[PDB]
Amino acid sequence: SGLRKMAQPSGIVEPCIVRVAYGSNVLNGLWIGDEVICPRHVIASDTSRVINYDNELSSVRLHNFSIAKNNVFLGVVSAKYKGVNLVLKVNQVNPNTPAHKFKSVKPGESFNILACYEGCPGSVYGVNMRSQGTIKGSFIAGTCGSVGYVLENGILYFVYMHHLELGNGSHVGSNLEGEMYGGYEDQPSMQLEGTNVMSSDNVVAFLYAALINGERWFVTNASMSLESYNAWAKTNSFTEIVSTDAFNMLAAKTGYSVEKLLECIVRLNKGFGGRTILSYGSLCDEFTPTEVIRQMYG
């Protein structure tokens, strides 16, 4: 029993984290094969104002890169841009390169963060992508280049690299192909995050998780049609639920229908009545159906 936000083990990722220093900047890079991927603003000469990245690359001095891994230093063969990331060919192949691929995370989907502080892996925790392409990820100075990953079927999927924090605290990064999530720019100009639309699928999983744990104070016999909830959702900043069949395993092991839990969302979105669900005071959309079934049925 129990439910905790969890991160898949980071052992397979830790050997790929390196310190990348250049000029006045020090951050993290991902050492896979004979490459070191890192945010391209590591070569920015002035991070206090807008950056001309075309000019910064045209004047790059490969000798100024200082990439380190324990007592090892990696020399840079060449440097190019791939989106908002620098691709640095290095003089050594990482002997601990795991079988891996690359992909992008979509809103409402969970993945793991290896928070690294200037080349030194510091912590590991799970996150969930928000509607606007952001995450809440406890990133501070020196943590750019920190890697987000997902483990599945023996393959390591790199899916996120950290870049910046918005004025409202939300955190922004890119996939390893250099595409910033949410369309944000790696420029030190003020940027806005639109309204946060909560994942309806994740909230249903959060309520199914409480029922399985034996917490049943919030459920009633009242139900709500999917079409009615979706109408309420697109008015209250909640995503639409495409099918009740997507929770067929959770409804079958608890005996509770999805339409029953939809009623609970609109009712609980008004307030928890001084009580809590799994210690939370409000609805939580950071747990996916996959992520609940894992914790609780193996």
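In case it trips you up, residue 1 is the first one in the sequence shown, and so on.
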Next item on the list: Give the stretch, out of 151-159 and 174-182, with the larger mean C-alpha temperature factor in the deposited entry.
Entry: 151-159
Next item on the list: Return whichever of 270-278 and 18-26 has the greater mean Cα B factor according to the PDB record.
Entry: 270-278
Note to self: Among the choices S59, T239, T47, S66, identify the one whose CA B-factor in the record is greatest.
What the structure shows: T47
Check: Between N202, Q187, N221, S110, which one tops the list for C-alpha B-factor in the PDB entry?
Finding: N221
Note to self: Ranking every modelled residue in this chain by its Cα temperature factor as given in the entry, which third contains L3?
What the structure shows: highest
Next item on the list: Divide the modelled residues of the chain into thirds by Cα B-factor and specify which third, lowest, middle or highest, holds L74.
Entry: middle
Notebook entry, point to check: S104: which third of its chain by C-alpha temperature factor?
Noted result: middle
Notebook entry, point to check: Split the chain's modelled residues into thirds by Cα B-factor; is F139 in the lowest, middle or highest one?
Noted result: middle
Note to self: By the recorded C-alpha temperature factor, relative to the other modelled residues in its chain, which third is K80 in?
What the structure shows: middle
